[PDB]
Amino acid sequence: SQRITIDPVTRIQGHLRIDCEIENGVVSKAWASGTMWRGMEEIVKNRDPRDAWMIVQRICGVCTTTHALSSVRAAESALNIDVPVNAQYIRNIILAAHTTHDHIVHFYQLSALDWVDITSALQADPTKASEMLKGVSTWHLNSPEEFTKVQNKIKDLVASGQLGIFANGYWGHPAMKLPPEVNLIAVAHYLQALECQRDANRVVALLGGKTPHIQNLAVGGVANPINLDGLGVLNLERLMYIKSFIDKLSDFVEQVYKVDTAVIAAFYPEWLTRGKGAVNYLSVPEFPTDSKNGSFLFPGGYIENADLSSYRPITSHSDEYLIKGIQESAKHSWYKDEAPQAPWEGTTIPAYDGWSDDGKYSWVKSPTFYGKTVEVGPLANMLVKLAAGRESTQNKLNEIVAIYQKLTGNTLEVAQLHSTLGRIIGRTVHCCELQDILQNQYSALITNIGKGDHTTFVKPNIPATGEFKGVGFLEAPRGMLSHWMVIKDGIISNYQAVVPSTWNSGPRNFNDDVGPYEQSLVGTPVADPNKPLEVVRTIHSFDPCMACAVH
């Protein structure tokens, strides 16, 4: 029996501490703690509703774009603004391209070193490594020559004695199961991923004005001036340049990331039977395509007790059933007001008192949906899409399963998706489907401009009296995001963000029910309590973002 602390958890966004009680070599109880707070909700209070998005975008630079977009949607909701369809296309391309960068970096830069041993890659035969991928991928950069060059880079780094960020990693740990050749393939793909994510962000930059932190939004639409015949504005040459980057993303996503996902599952199938965080799942529809903030390309919904057959669809960002269910508690968080609060009535009054196992132990609030704990994020969004019968999602999942089948002789059932690996799989499926979102929305924009619609912005008015409440939903890379704005006498009187990592990382709630991170860890085997790699494996599967969780 013993108590361990993992502080800092690395290869996430932000500041996270995980504590675990281990008994008989398995985690019996866990605590998740966000250890940094800024008070972004308070910083934005009493300002003009039109200004909020530039401030609250800075909740997070990993999921840049997302808080900007949720904030304008919230102001638009309060004000009853319908966003021009061209502004929706541009917003959608930005979110889809951003999320492509975000997921790729998560799988490779953030998560791969939980599963991949770089020392073992030094023992690989590059030719055997390449041979392993014959008939498995059509990617053009899996040659033995590529892999030898990558192996020499690792060799040279080790030879220098300055391992830096690769130093004191979990090399030779018994939970590292990949053959040397597969470790080498993974490092080669890690490096290749950096080129693909750079291209995804070039799409973002061309519409956003830069990234991180886009600068093209407005309450009422976007700041991009559409004029095919205009110098210095969003013309056909600029649109062609955007398309040139959109086109560079698919091959890596489909032929490397999608395949690596299937391969990690094939070598680590025990991780299909652990890391279940919840039995309830929520996602919101995303990528609106009509003139009234709807007609979403991706569906949303609520799953209760893992029952896909009786799920509740969510087709509108104005759905009162979704809106009315959401509350947050601070019983086990470092804030003063503890009872569950609807976010329009939310407070964020700091009340730090140090760590207590049975009291307050986190700056993350505890969200519930009609009093239940819920997992959000790519596992939720995949399960909802499967519940909806979305053919694209079924088909993409099936491709991953077919690779897993070929490698193992076993198949993958939906029950096995409620797991650390299922979570990873949902993220990969999301990234793959996002490439069709990009092609669809680029084509929709070109076509609409061709009909003579260059409209991008409707100037808002904000009554100087009255109190108005708005909510902006967004399906972010890490799950359902919502910004809740109250306007009174023309200024923001309350602002509350309920962020996907808040849902997943939040501590024990008002009824002392355990959040998804804490739940997922129960049952985790820990071979070496001083080097608890297995705990970090499951925690990384949720893609924690603690600047997001806490704000």
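Note that residue numbering follows the sequence shown and begins at 1.
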{"item": "Selected stretch [higher average CA B-factor]: 292-300 or 400-408", "value": "400-408"}
{"item": "Of 450-458 and 236-244, the one with larger mean CA B-factor", "value": "450-458"}
{"item": "Per the PDB entry, maximal CA B factor within 71, 416, 224, 327", "value": "416"}
{"item": "Deposited CA B-factor, highest of 286, 229, 307, 319", "value": "307"}
{"item": "Entry-reported Cα temperature factor of residue 54, expressed as the chain third it lands in", "value": "lowest"}
{"item": "Relative C-alpha B-factor of residue 488, binned into the chain's lowest, middle or highest third", "value": "middle"}
{"item": "CA B-factor placement of residue 500, once the chain's modelled residues are sorted into thirds", "value": "lowest"}
{"item": "Residue 350 by Cα B-factor - lowest, middle or highest third of the modelled chain", "value": "middle"}
{"item": "Residue 215 CA temperature factor, ranked by third within the chain", "value": "lowest"}
